[PDB]
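This report refers to the structure that appears directly beneath it.
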Amino acid sequence: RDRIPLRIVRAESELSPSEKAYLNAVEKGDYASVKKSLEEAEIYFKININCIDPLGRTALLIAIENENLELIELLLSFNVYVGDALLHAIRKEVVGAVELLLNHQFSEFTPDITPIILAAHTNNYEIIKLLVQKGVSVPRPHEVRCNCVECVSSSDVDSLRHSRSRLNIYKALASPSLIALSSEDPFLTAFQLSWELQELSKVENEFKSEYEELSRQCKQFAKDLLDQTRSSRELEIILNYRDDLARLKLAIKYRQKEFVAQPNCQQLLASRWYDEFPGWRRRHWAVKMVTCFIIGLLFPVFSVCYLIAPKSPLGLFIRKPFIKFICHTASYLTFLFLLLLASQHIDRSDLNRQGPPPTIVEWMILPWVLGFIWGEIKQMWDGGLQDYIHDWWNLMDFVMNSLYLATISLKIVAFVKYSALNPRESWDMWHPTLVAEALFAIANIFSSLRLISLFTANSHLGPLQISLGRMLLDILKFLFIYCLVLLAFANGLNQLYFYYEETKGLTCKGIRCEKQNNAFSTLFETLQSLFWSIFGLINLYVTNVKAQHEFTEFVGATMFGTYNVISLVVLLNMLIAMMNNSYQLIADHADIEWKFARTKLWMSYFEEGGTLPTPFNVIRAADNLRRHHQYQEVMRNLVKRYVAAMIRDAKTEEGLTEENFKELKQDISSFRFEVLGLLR
Amino acid sequence: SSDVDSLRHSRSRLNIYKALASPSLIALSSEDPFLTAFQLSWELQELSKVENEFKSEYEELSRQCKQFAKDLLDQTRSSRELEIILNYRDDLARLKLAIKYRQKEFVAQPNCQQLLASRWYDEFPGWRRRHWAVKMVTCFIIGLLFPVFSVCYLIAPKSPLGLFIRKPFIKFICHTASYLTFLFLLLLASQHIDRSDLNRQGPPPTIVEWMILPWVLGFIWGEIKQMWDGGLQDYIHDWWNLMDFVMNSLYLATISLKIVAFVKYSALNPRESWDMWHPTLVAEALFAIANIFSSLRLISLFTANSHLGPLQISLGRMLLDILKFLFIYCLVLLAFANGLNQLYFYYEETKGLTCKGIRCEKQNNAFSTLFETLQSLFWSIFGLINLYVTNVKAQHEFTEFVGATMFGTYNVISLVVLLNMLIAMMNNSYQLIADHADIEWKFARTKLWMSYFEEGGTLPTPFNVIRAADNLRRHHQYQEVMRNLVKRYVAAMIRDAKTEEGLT
Amino acid sequence: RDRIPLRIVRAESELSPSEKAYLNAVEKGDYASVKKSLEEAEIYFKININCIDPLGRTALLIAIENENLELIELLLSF
Amino acid sequence: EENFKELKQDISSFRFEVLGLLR
Ligand SMILES: CCCCCCCCCCCCCCCC(=O)OC[C@H](COP(=O)(O)O)OC(=O)CCCCCCCCCCCCCCC
Ligand SMILES: CCCCCCCCCCCCCCCC(=O)OC[C@H](COP(=O)(O)O)OC(=O)CCCCCCCCCCCCCCC
Ligand SMILES: CC(C)CCC[C@@H](C)[C@H]1CC[C@H]2[C@@H]3CC=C4C[C@@H](OC(=O)CCC(=O)O)CC[C@]4(C)[C@H]3CC[C@]12C
Ligand SMILES: CC(C)CCC[C@@H](C)[C@H]1CC[C@H]2[C@@H]3CC=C4C[C@@H](OC(=O)CCC(=O)O)CC[C@]4(C)[C@H]3CC[C@]12C
Ligand SMILES: [Ca+2]
Ligand SMILES: [Ca+2]
Ligand SMILES: [Zn+2]
């Protein structure tokens with residue numbers, strides 16, 4: 001044998017020539033031929049009414065695909081096995097599914113698929129409304145964090161079916177047409193559904209993209225729903241609705257970035273940000289800088305008026321959120337400026353004083369440290385503990401405050417434990433004064449690096465700062481890989497060099513001086529020398545041995561050279577490849593991320609909790625019924641126009657497929673035969 | 001036939017394979033479309049390698065065959081059907097067959113991965129729903145008890161304590177915990193926990209090294225069994241297997257040299273006056289190199305993690321691009337090393353110095369010899385070679401200028417040109433690898449997962465050294481299931497996609 | 001309870017079976033049926049001429065969407 | 001989809017009157 005004898009292996013049962021003509025008449029829309037053949041079948045029992053084409057299409061399915069309502073009615077007049085024809089009509093999005101609804105095995109749909117679930121998948125408003133008008137219900141899925149005995153038992157029996165059924169239910173519930181129809185509050189339903197779908201993607205490692213797409217679709221629906229507001233009164237009603245912008249705060253907690261960054265939503269927020277401050281967005285940039293500078297210089301007098309004279313014209317200026325931000329920023333700059341003055345030695349503090357009294361500059365630095373702690377305490381008071389620890393900057397603030405407390409405690413300890421004359425060069429090296437200065441210096445770095453969080457307010461540094469933060473997570477991933485490589489070579493280099501590098505009597509012991517002696521004596525020294533070789537600060541004589549062991553020296557330098565190639569040529573250049581690719585993904589929708597972050601910064605100054613800056617902070621049924629009606633009224637309009645604008649128009653702008661061409665031939669072919677039948 | 005008409009023969013062969021690779025023909029006339037698609041994709045991939053021309057056409061045909069198998073498996077709607085298909089053989093025999101055929105899309109199917117995760121976490125419910133802090137705590141305490149779990153497995157088979165280790169997830173944790181203890185012991189060896197002196201020419205093994213030895217024997221013992229239960233072709237396919245062989249070879253040389261030094265040198269001699277080729281010196285050198293390889297083996301464990309997994313796979317797939325520039329850079333490096341050594345080998349014959357080379361404060365002879373020239377040129381990438389290395393004791397400023405210009409030209413080519421060109425590749429390379437990176441990681445994670453499914457390596461490294469009726473029934477139940485899959489695949493993919501085709 | 005009882009919350013006012021047929025005739029371009037139904041509306045006051053489909057399309061809007069100038073002229077006659 | 005929906009209308013408008021004219 002030299003040829004492949006192709007043969008039918010599975011295929012399907014063949015069709016009689018009469019049956020093939022009968023199905024061909026259904027495809028061609030020949031009503032007279034189909035009616036005659038069906039009448040002959042019920043009187044001669046020759047052909048099978050429920051014959052199946054090679055592609056798996058029966059007579060009813062062919063008529064449904066061509067949307068020949070007359071043919072469907074003719075077939076339904078006889079005893080045609082409907083089977084899953086209703087699902088096929090729903091999937092094909094044929095509005096003439098009413099005939100199958102009120103009409104007194106191998107399936108292309110899973111057994112868990114119901115007409116309502118499939119209708120919601122198709123996102124057809126007319127079909128969904130038709131089914132909901134009748135008796136229709138959807139099985140309710142269990143929570144993401146569920147421990148039901150039935151849930152685990154069902155998954156154990158069939159894991160594939162359980163996952164598919166759960167995905168199908170959530171796909172049906174996430175359809176905007178179903179939410180706009182059967183949901184009491186579609187804005188709240190979309191917020192909760194996106195949260196649940198996002199949690200499912202994290203829990204279900206498989207089908208992560210499907211769940212993420214469903215959550216993104218829910219987030220998009222809420223943004224499109226809010227896009228239908230045409231008056232500022234409607235926007236205020238929706239955003240302030242609660243069961244203060246309570247609904248806007250709810251959207252923030254659900255990470256509805258698209259909803260928050262809506263142009264109308266941002267415009268209203270900017271009005272609250274610049275309340276009673278007209279023309280700020282139209283002034284020159286030089287005027288803006290001058291006005292902000294003079295306002296910031298007068299932050300203490302504004303806080304003094306707020307404390308002394310409430311509800312006063314001078315005390316009402318600070319209540320503006322924009323003025324709060326400027327005054328708070330000006331307070332932080334003064335604190336940072338005082339930190340620079342502390343290192344500048346404005347007042348004499350001597351050098352040999354073991355326990356020094358606090359400097360005059362440090363004396364008025366202390367209220368800011370107490371104010372920062374006082375403000376952080378109130379952050380956990382008015383706000384929830386879950387939200388307090390969510391922010392990354394909150395952890396950074398806690399570290400800075402902890403370092404400041406240790407500095408104050410060590411300064412107090414040194415004051416009350418050391419009161420004798422002793423030159424600095426002959427101290428303990430673990431002196432409380434030395435540790436206090438070290439922790440103060442570290443806290444100064446964190447205090448000055450806190451100004452990055454203020455970049456969100458600016459329109460130019462805002463999107464950049466957010467992008468760098470979102471890209472820092474990629475650096476953390478290479479910290480694991482580099483450290484594993486760093487520890488691998490540090491282990492090898494220390495193992496080789498710890499015999500010879502036992503030299504004593506030198507001025508130094510390590511790498512941090514002119515004569516770098518013991519680069520790989522210990523594991524700690526090996527790690528430092530390997531770390532500093534990235535920047536080229538480790539010379540080549542660190543691999544030398546006093547003994548004339550050139551083979552050991554060559555191996556050590558080759559191991560040092562291999563690390564340099566891997567870390568610098570390979571790892572560093574690989575790191576660049578990620579962040580360049582990472583930014584291309586982050587560059588798009590970077591405005592949405594910044595606007596969401598800027599909104600959170602803006603609403604942090606809306607309330608009265610932190611009106612005072614850091615240094616000076618230490619010194620029903622009828623109304624509820626009315627709001628529900630006015631929210632439902634407004635929401636009725638939004639859903640109605642959303643359906644007309646998005647659901648209807650997008651379907652009209654949909655592209656043309658082969659089914660439409662196949663359809664157009666059927667109407668011509670149906671008009672083809674009866675005109676010939678009528679004329680002849 | 002090819003000699004008579006090469007163009008016709010190539011076109012005829014491509015047309016035949018294009019016809020055979022059509023999913024409609026496979027779903028119709030093939031006895032086992034899953035096996036036919038696996039074999040056809042393998043054959044088409046081999047043809048692309050052999051036929052340099054029409055490589056894209058053959059690669060597209062193989063990709064189409066791989067896509068058909070993934071779409072065919074996408075039609076399973078019950079877990080019983082998936083188990084029947086994946087366990088079918090002529091253990092997941094069909095899944096293993098797909099792995100050997102590099103059916104990454106077939107392996108990384110969400111339903112296929114879900115069943116594999118169930119086997120990975122068998123009798124361990126709620127692991128995927130627990131908090132990350134709980135996961136870390138549970139893994140840590142389980143890993144700390146790896147010796148007691150292995151002891152129970154050896155002492156008490158089919159016992160409640162001895163059945164916990166049989167879980168593949170527990171095997172991975174216990175094996176990982178075993179490797180970390182071995183790596184921790186390697187750090188202790190360099191930390192000099194016990195006194196080993198310094199002038200002992202032939203030293204007895206340290207107490208720390210005494211219990212290090214079982215791991216080395218266990219690693220060799222486990223590697224031997226890897227070639228026993230598994231095929232030799234599959235044993236050498238894995239890159240990490242070659243890395244393990246190098247690490248084991250270095251450890252054997254260290255043990256052999258330590259034994260040789262013990263039985264050949266037993267006299268007092270300070271270390272600074274040794275041979276420089278002493279067996280103790282070579283043993284320490286090879287032990288240090290093996291320590292680097294042993295600790296770098298932890299990269300292969302990154303595949304299990306969902307975050308470090310795709311990253312690690314991408315870097316490995318990108319390392320091949322670095323190897324391509326190793327040829328180009330070395331050619332440039334050897335070109336300038338030849339020129340610099342030719343110019344500087346007359347003058348740089350100085351003697352009587354403390355040093356001879358570049359690895360000290362006074363870098364004397366950077367280009368005396370070809371070996372020294374290569375080292376000095378290599379170290380100039382990181383800026384560790386100073387500018388006085390191009391100076392001559394003689395007042396030959398023209399020769400010095402030419403040598404520094406040749407040194408300067410190499411620096412521009414290697415750093416400004418070659419290094420920046422290398423960045424351009426990997427940035428473009430990642431953009432290609434960034435897509436379908438999840439499929440590559442999931443395929444690699446699957447191979448790691450099934451490596452713990454069988455009983456071949458249940459014990460960790462330190463403790464490893466201490467019919468017709470049934471066949472007929474399986475064929476019918478596989479064909480039954482396969483009949484349903486093909487029937488619904490034709491209706492869902494072949495029919496519906498044609499209806500959604502564009503209008504011409 | 002373990003199932004979600006989907007119900008109509010806002011939707012829109014329902015259509016009479018005669019009104020549904022009247023709008024269906026406008027969509028299908030049946031000039032004779034539309035003219036007869038419109039004539040019956042002005043003599044029997046049974047169906048609403050300005051009935052609205054679930055999607056928010058009235059009889060005039062449906063004819064405009066299909067660009068049936070004859071249907072628009074017929075509707076504008078009444 | 002509007003163009004396809006349109007093309008059906010002209011056929012459907014020509015559908016009924018020809019039937020009305022013949023019958
Ligand atoms: C996830 C990542 C994991 C790690 C992946 C690593 C992939 C492999 C990376 C390469 C490692 C092998 C090469 C190491 C060579 C070495 O250390 O070599 C170091 C030795 C050091 O010599 P001494 O010991 O005498 O100082 O150099 C020599 O012996 C002289 C010959 C040098 C030839 C070097 C050839 C390769 C250089 C590659 C540099 C590329 C620069 C590109 C821009 C100009
Ligand atoms: C596949 C790749 C193959 C190789 C391809 C090579 C392409 C050509 C690459 C450039 C080579 C020619 C330039 C070499 C100049 C040189 O060696 O110059 C080296 C000499 C060294 O002088 P000494 O000998 O006195 O030290 O410099 C001088 O004589 C003084 C004038 C310097 C002018 C340099 C102008 C070009 C510099 C390019 C640097 C670009 C830096 C960009 C970022 C800032
Ligand atoms: C050593 C001390 C004195 C600090 C020196 C630097 C500061 C003067 C700089 C550093 C970061 C700057 C900030 C970076 C970003 C912004 C946001 C941006 O805000 C606005 O445009 C106003 C609010 C808004 O409309 O959103 C411009 C001011 C501000 C606070 C900047 C004010 C000046 C700051 C604090
Ligand atoms: C000096 C010694 C003590 C080593 C120090 C570093 C180790 C403690 C680190 C380095 C790499 C880490 C591994 C990197 C990746 C993974 C995969 C990942 O696996 C899982 O999440 C569980 C399995 C799965 O579900 O796939 C997390 C654990 C593990 C083994 C990590 C365990 C801890 C390791 C071995
Ligand atoms: Ca804070
Ligand atoms: Ca191996
Ligand atoms: Zn439950």
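Each chain of the structure tokens is named A, B, ... in the order shown, its residues numbered from 1; ligands are numbered from 1 in display order.
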
### Message
For ligand 5, return the neighbouring residues as a PyMOL selection string (distance at most 12 Å; only C-alpha atoms and all ligand atoms).
### Response
chain A and resi 371-380+383+387-401+447+450+453+601+604+610+614

What are the closest atom pairs, with distances in Å to one decimal, for each residue of chain B lying within 12 Å of ligand 2, using only C-alpha atoms and all ligand atoms, rows by chain and rising residue number, as a tab-separated table?
```
residue	atom	partner	partner_atom_place_in_ligand_line	distance
B:325	CA	ligand 2	1 (C)	9.6
B:326	CA	ligand 2	1 (C)	11.9
B:327	CA	ligand 2	1 (C)	10.8
B:328	CA	ligand 2	1 (C)	7.0
B:329	CA	ligand 2	1 (C)	8.3
B:330	CA	ligand 2	1 (C)	11.1
B:331	CA	ligand 2	3 (C)	9.5
B:332	CA	ligand 2	3 (C)	7.2
B:333	CA	ligand 2	3 (C)	10.6
B:335	CA	ligand 2	4 (C)	10.6
B:336	CA	ligand 2	4 (C)	11.0
B:386	CA	ligand 2	26 (O)	11.7
B:387	CA	ligand 2	26 (O)	8.3
B:388	CA	ligand 2	26 (O)	10.3
B:389	CA	ligand 2	26 (O)	11.3
B:390	CA	ligand 2	26 (O)	8.7
B:391	CA	ligand 2	26 (O)	10.3
B:397	CA	ligand 2	25 (O)	9.4
B:398	CA	ligand 2	24 (O)	8.9
B:399	CA	ligand 2	24 (O)	9.2
B:400	CA	ligand 2	24 (O)	7.0
B:401	CA	ligand 2	24 (O)	4.0
B:402	CA	ligand 2	24 (O)	5.7
B:403	CA	ligand 2	24 (O)	6.5
B:404	CA	ligand 2	24 (O)	3.9
B:405	CA	ligand 2	24 (O)	3.7
B:406	CA	ligand 2	17 (O)	6.5
B:407	CA	ligand 2	17 (O)	7.2
B:408	CA	ligand 2	17 (O)	4.1
B:409	CA	ligand 2	17 (O)	3.4
B:410	CA	ligand 2	17 (O)	7.1
B:411	CA	ligand 2	17 (O)	7.4
B:412	CA	ligand 2	39 (C)	5.8
B:413	CA	ligand 2	9 (C)	5.3
B:414	CA	ligand 2	4 (C)	8.2
B:415	CA	ligand 2	41 (C)	9.1
B:416	CA	ligand 2	41 (C)	6.1
B:417	CA	ligand 2	9 (C)	6.6
B:418	CA	ligand 2	2 (C)	6.6
B:419	CA	ligand 2	2 (C)	10.4
B:420	CA	ligand 2	43 (C)	10.3
B:421	CA	ligand 2	1 (C)	9.0
B:422	CA	ligand 2	1 (C)	10.7
```

### Task
Using only C-alpha atoms and all ligand atoms, find each protein or nucleic acid residue lying at most 8 Å from ligand 1; present the set as a ChimeraX atom specification.
/A:481,485,553-566,569-571 /B:296,299,312,315-316,319,322-323,325-326,329-330,333,359,371-372,374-379,381,413-415,418-419,422

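Distances here use only C-alpha atoms; by that measure, the residue among B:458, B:429, B:6, B:1 closest to residue B:317 is B:429.
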
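For ligand 4, the set of protein, DNA and RNA residues within 6 Å, based on only C-alpha atoms and all ligand atoms, reads residues 180, 183, 184, 298, 301, 302, 304 and 305 of chain B.
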
### Task
Identify every residue of chain C that has at least one atom within 7 Å of any atom of chain D, counting only C-alpha atoms, and report the result as a ChimeraX atom specification.
/C:28-30,66

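When only C-alpha atoms are used to measure the gap to chain A, the shortest distance among B:247, B:139, B:174, B:28 belongs to B:28.
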
### Query
Taking only C-alpha atoms and all ligand atoms into account, which residues are within 7 Å of ligand 7, as a ChimeraX atom specification?
/A:142-143,146-151

### Message
Could you list, as a VMD selection string, every residue within 7 Å of residue B:226, counting only C-alpha atoms and ignoring same-chain residues fewer than 4 positions away?
### Response
chain B and resid 222 230 235

### Message
At a cut-off of 9 Å, using only C-alpha atoms, what residues contact residue C:34? Leave out same-chain residues fewer than 6 positions from it and give the result as a PyMOL selection string.
### Response
chain C and resi 22-23+25-26+71+74-75

Show me which residues sit within 8 Å of ligand 6 when counting only C-alpha atoms and all ligand atoms, and put them as a JSON list (two decimals) with C-alpha atoms, in the first residue's frame.
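Generated output (out.json):
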```
[["chain", "number", "residue", "atom", "x", "y", "z"],
["B", 222, "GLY", "CA", 17.99, 9.96, 42.35],
["B", 223, "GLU", "CA", 19.58, 10.96, 39.05],
["B", 226, "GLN", "CA", 15.77, 9.15, 36.58],
["B", 235, "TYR", "CA", 16.53, 12.19, 30.52],
["B", 238, "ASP", "CA", 15.76, 18.73, 30.07],
["B", 240, "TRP", "CA", 18.21, 21.27, 34.22],
["B", 241, "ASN", "CA", 19.26, 17.63, 33.88],
["B", 242, "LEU", "CA", 22.53, 18.76, 32.29],
["B", 244, "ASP", "CA", 22.36, 18.59, 37.67],
["B", 245, "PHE", "CA", 24.95, 16.36, 35.98]]
```

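Near stretch 169-171 of chain B, within 8 Å and counting only C-alpha atoms, sit residues 120, 121, 142, 164, 165, 175, 452, 458, 459 and 460 of chain B; same-chain residues fewer than 4 positions away were not included.
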
### Message
With DSSP run on the backbone, what are the helix (DSSP H, G or I) residues within stretch 183-331 of chain B? I'd like them as a PyMOL selection string.
### Response
chain B and resi 183-191+207-229+232-237+239-264+271-273+279-303+308-331

### Message
If the limit is 9 Å from any atom of ligand 3, counting only C-alpha atoms and all ligand atoms, which residues qualify? Return them as a ChimeraX atom specification.
### Response
/A:270,273-274,280-281,288-289,292,322,325-326,329-330,332-337,339-340,448,451-462,598,602

Write the selection just made, keeping N, CA, C and O atoms, as a compact mmCIF listing (two decimals), in the first residue's frame?
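After the write, result-v3.txt holds the following:
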```
# COMPACT_ATOMS: atom_id res chain seq x y z
N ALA A 270 -14.19 68.26 40.66
CA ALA A 270 -13.37 69.47 40.57
C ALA A 270 -14.12 70.69 41.09
O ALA A 270 -13.49 71.59 41.66
N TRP A 273 -13.71 70.44 44.66
CA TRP A 273 -12.31 70.73 44.96
C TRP A 273 -12.04 72.23 44.97
O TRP A 273 -11.34 72.74 45.84
N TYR A 274 -12.61 72.96 44.00
CA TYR A 274 -12.41 74.40 43.87
C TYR A 274 -13.67 75.18 44.22
O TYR A 274 -14.01 76.16 43.56
N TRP A 280 -10.22 79.50 38.48
CA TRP A 280 -8.91 78.92 38.74
C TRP A 280 -8.42 78.13 37.53
O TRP A 280 -7.24 78.20 37.18
N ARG A 281 -9.31 77.37 36.89
CA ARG A 281 -8.92 76.57 35.73
C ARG A 281 -8.67 77.42 34.49
O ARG A 281 -8.13 76.89 33.51
N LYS A 288 -1.39 81.06 38.89
CA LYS A 288 -1.66 79.92 39.77
C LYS A 288 -0.53 79.70 40.76
O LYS A 288 -0.76 79.46 41.95
N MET A 289 0.72 79.78 40.28
CA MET A 289 1.86 79.60 41.17
C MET A 289 1.92 80.70 42.23
O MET A 289 2.20 80.42 43.40
N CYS A 292 -0.98 80.15 44.82
CA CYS A 292 -0.70 79.02 45.70
C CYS A 292 0.42 79.33 46.68
O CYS A 292 0.37 78.92 47.85
N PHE A 322 -9.28 72.42 48.33
CA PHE A 322 -8.06 72.86 47.66
C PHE A 322 -7.16 73.63 48.61
O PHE A 322 -5.93 73.47 48.58
N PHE A 325 -5.43 71.19 50.94
CA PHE A 325 -4.29 70.54 50.31
C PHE A 325 -3.08 71.46 50.28
O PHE A 325 -1.95 71.04 50.56
N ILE A 326 -3.29 72.74 49.94
CA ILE A 326 -2.18 73.68 49.88
C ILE A 326 -1.60 73.91 51.28
O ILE A 326 -0.38 73.93 51.47
N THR A 329 0.20 70.77 52.39
CA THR A 329 1.47 70.68 51.67
C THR A 329 2.47 71.69 52.19
O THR A 329 3.65 71.37 52.39
N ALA A 330 2.02 72.93 52.43
CA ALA A 330 2.92 73.94 52.98
C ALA A 330 3.41 73.55 54.37
O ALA A 330 4.56 73.84 54.73
N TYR A 332 3.92 70.43 55.35
CA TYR A 332 4.92 69.39 55.15
C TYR A 332 6.24 69.97 54.67
O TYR A 332 7.32 69.51 55.08
N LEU A 333 6.20 70.98 53.79
CA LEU A 333 7.43 71.59 53.32
C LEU A 333 8.17 72.30 54.44
O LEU A 333 9.41 72.26 54.50
N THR A 334 7.45 72.96 55.34
CA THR A 334 8.09 73.57 56.50
C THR A 334 8.74 72.51 57.38
O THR A 334 9.84 72.71 57.90
N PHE A 335 8.06 71.37 57.57
CA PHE A 335 8.64 70.28 58.34
C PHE A 335 9.89 69.74 57.66
O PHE A 335 10.90 69.47 58.32
N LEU A 336 9.85 69.57 56.33
CA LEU A 336 11.03 69.12 55.60
C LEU A 336 12.12 70.18 55.61
O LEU A 336 13.31 69.84 55.68
N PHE A 337 11.75 71.45 55.53
CA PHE A 337 12.74 72.52 55.62
C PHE A 337 13.40 72.54 56.99
O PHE A 337 14.60 72.80 57.10
N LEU A 339 13.85 69.89 58.81
CA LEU A 339 14.74 68.74 58.81
C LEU A 339 16.08 69.09 58.18
O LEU A 339 17.13 68.64 58.66
N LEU A 340 16.07 69.87 57.11
CA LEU A 340 17.32 70.34 56.51
C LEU A 340 18.07 71.26 57.47
O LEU A 340 19.30 71.21 57.54
N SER A 448 11.18 62.90 53.46
CA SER A 448 11.34 63.62 52.20
C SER A 448 10.83 62.82 51.01
O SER A 448 10.39 63.43 50.02
N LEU A 451 6.95 63.00 49.64
CA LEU A 451 6.47 64.00 48.70
C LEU A 451 6.10 63.40 47.35
O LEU A 451 5.49 64.10 46.53
N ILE A 452 6.46 62.14 47.09
CA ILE A 452 6.05 61.49 45.85
C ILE A 452 4.54 61.35 45.78
O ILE A 452 3.94 61.46 44.71
N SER A 453 3.89 61.10 46.92
CA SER A 453 2.44 60.94 46.95
C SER A 453 1.71 62.21 46.55
O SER A 453 0.54 62.14 46.15
N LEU A 454 2.35 63.37 46.66
CA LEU A 454 1.74 64.63 46.25
C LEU A 454 1.80 64.85 44.75
O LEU A 454 1.19 65.81 44.26
N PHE A 455 2.52 64.00 44.02
CA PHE A 455 2.60 64.15 42.57
C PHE A 455 1.27 63.84 41.89
O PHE A 455 1.09 64.22 40.73
N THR A 456 0.35 63.17 42.59
CA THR A 456 -0.92 62.79 41.98
C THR A 456 -1.78 64.00 41.64
O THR A 456 -2.56 63.95 40.69
N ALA A 457 -1.65 65.08 42.41
CA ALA A 457 -2.47 66.27 42.15
C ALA A 457 -2.12 66.91 40.81
O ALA A 457 -3.01 67.37 40.09
N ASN A 458 -0.84 66.94 40.47
CA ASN A 458 -0.41 67.55 39.21
C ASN A 458 -0.88 66.72 38.02
O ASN A 458 -0.89 65.49 38.07
N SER A 459 -1.25 67.41 36.94
CA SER A 459 -1.71 66.74 35.73
C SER A 459 -0.58 66.14 34.91
O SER A 459 -0.83 65.26 34.09
N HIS A 460 0.66 66.59 35.11
CA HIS A 460 1.81 66.09 34.37
C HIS A 460 2.60 65.05 35.14
O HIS A 460 2.96 64.01 34.59
N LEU A 461 2.89 65.31 36.42
CA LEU A 461 3.57 64.34 37.26
C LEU A 461 2.64 63.27 37.80
O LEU A 461 3.12 62.28 38.35
N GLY A 462 1.33 63.45 37.66
CA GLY A 462 0.36 62.51 38.16
C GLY A 462 0.40 61.18 37.45
O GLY A 462 0.69 60.14 38.06
N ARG A 598 -6.10 60.41 41.82
CA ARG A 598 -6.32 61.81 42.15
C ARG A 598 -7.66 62.02 42.84
O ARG A 598 -7.78 62.88 43.72
N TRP A 602 -8.37 63.72 46.39
CA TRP A 602 -9.28 64.85 46.50
C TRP A 602 -10.30 64.64 47.62
O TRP A 602 -10.49 65.52 48.46
```

Quick one: contact table of chain C to chain A, 9 Å max, nearest atom pair and distance in Å to one decimal per residue, counting only C-alpha atoms, chain and number order, as a tab-separated table?
```
residue	atom	partner	partner_atom	distance
C:2	CA	A:140	CA	5.9
C:3	CA	A:139	CA	4.6
C:4	CA	A:138	CA	5.3
C:5	CA	A:137	CA	5.0
C:6	CA	A:182	CA	5.6
C:7	CA	A:182	CA	5.4
C:8	CA	A:182	CA	5.4
C:9	CA	A:182	CA	5.5
C:10	CA	A:636	CA	6.3
C:11	CA	A:181	CA	6.2
C:12	CA	A:640	CA	8.5
C:54	CA	A:126	CA	7.2
C:55	CA	A:644	CA	6.1
C:56	CA	A:644	CA	6.5
C:57	CA	A:644	CA	8.7
```

Writing out the chosen residues with C-alpha atoms as a PDB file, in the first residue's frame:
```pdb
ATOM      1  CA  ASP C   2     -32.017  29.362  46.528  1.00  0.00           C
ATOM      2  CA  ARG C   3     -32.947  30.834  43.125  1.00  0.00           C
ATOM      3  CA  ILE C   4     -32.999  34.411  41.834  1.00  0.00           C
ATOM      4  CA  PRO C   5     -36.619  35.305  40.948  1.00  0.00           C
ATOM      5  CA  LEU C   6     -36.026  37.617  37.992  1.00  0.00           C
ATOM      6  CA  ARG C   7     -38.879  40.089  37.565  1.00  0.00           C
ATOM      7  CA  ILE C   8     -39.671  43.201  35.548  1.00  0.00           C
ATOM      8  CA  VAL C   9     -38.467  46.250  37.500  1.00  0.00           C
ATOM      9  CA  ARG C  10     -38.622  49.224  35.109  1.00  0.00           C
ATOM     10  CA  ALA C  11     -39.013  47.990  31.496  1.00  0.00           C
ATOM     11  CA  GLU C  12     -41.837  49.830  29.721  1.00  0.00           C
ATOM     12  CA  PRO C  54     -39.969  47.758  23.988  1.00  0.00           C
ATOM     13  CA  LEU C  55     -36.789  49.211  22.480  1.00  0.00           C
ATOM     14  CA  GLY C  56     -38.366  52.684  22.373  1.00  0.00           C
ATOM     15  CA  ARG C  57     -39.241  52.794  18.663  1.00  0.00           C
TER      16      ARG C  57
END
```

#### Entry: Shell of 12 Å around residue B:285, only C-alpha atoms, local chain residues under 6 positions omitted, as a PyMOL selection string
(chain A and resi 492-499+549-559) or (chain B and resi 250-251+253-254+257-258+276-279+291-292)

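Near stretch 20-27 of chain B, within 7 Å and counting only C-alpha atoms, sit residues 16, 33, 40, 61, 65, 68 and 486 of chain B, not including residues fewer than 4 positions from it in the same chain.
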